Structures are given as structure tokens and as C-alpha cells.
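Take a look at this one chain, the form deposited in one PDB entry, written out in C-alpha cells.
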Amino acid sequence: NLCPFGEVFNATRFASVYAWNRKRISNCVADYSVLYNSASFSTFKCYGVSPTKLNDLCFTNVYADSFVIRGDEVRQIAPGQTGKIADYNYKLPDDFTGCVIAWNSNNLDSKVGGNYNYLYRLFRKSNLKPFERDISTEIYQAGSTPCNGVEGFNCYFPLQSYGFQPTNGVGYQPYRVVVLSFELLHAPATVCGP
């Protein structure tokens, strides 16, 4: 009766950062030793929680957010951060309580030609609220003239494609990111350790 962490981390494919997948985890006993004893992750930054102490307490719900970004944008997955990813694709609250986990995936997400399947939002009139998911494909209106759904002058497609190629530098290489969010509301606790 263990929680399905492997379905998220070890997934064959990952979603684009703008359409970041979220897996609600509840009513299961979670063993996190497979995570903090691992050696594959490049970054593992925990805010407000201690991964070693993960197999000791209880929570109401745990969220696993999956997406792919660049190496230069892994820094943007952190509370109080600013950037294209943190403002328009995936935002963490300042009071974030959880862990952000990333690892290099230049072998799974980089093709000889540009993968061009992972996308991110390039234009947005306002920043994203924390844990907000915007998957709109509406033509961005950069001027006062309406776009009517056709790209052109002052009318840009809000999404851009990551050019993941194996010959690029480490910063340009894709990184698969799984964000662990721990929710403890005044409700029966369903997620616990051993």
C-alpha cells in the first residue's frame, strides 16, 4: 500500500513546463528512502522540510509536479524567484514547504534534431499566482489591434519550443523537475511514513 512515487519520477515521458502535470497523492504509506539515498539527481533543495525526517510524520495530501525545463531555469524553481519560468510557467509561493528535485535528462529528452515538443510560455500580461496552470494557446495581443487568432504584427504565439539538442551546453540541456508539495490542512491525515 505504498504511494505511487515511481509513476511520477520514473515516467517514460514528461510534460511541458507550461502544462505541468500534478499527481495528487493520498491514502497511502510513503517511503522516501528511495529518493534521498539516490545519487542521480543534480539538484535537491528542500525548503521547510527535512527529507530524512520524511519517514516519520503524517500529512493530508502530497503533490508531485512534473515538467521539463532548461538547466539555467532550474534556479527559478524556488520561492521568491523571478524569470520567464517562474512568472509565466510555474510559480512557487514564498511560504513554500517542500522539496524541488531535478536531474539532467539530456539522454531522454534530447534528439539529434531539436525535440521541439517541450514548450514554455513566452508572453503573458501578468505573472502567475503560485501553483497556477495556464495552458491557453490564445494569440498574444502585443498591440491595441485585435489579433483574431492569426499570428502577425503585434500578435505572437504565446508558446515557444525548447531547442533540446545533445551538442548544447549543460545549461541548455533539458532537466526533468519533480516538485514535492506537502499539504497539512485541518483534516484527517492520509499520507504517512512507515
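When you see a residue number, it is the position in the sequence shown, counting from 1. Rigid core (definition): largest C-alpha set, two forms, superposition within 1.5 Å.
One more form of this protein exists, namely the form deposited in another entry; it is left out here, but the text below deals with it.
The residue among 37, 144, 136, 127 whose Cα moves by 2 angstroms or more between this form and the one not shown, once the core is superposed, is 144. Core-aligned CA deviation for residue 26 between this form and the one not shown: less than 2 Å.
A movement of the C-alpha atom of residue 160 falling short of 2 angstroms is seen between this form and the one not shown when the two forms are aligned on their rigid core.
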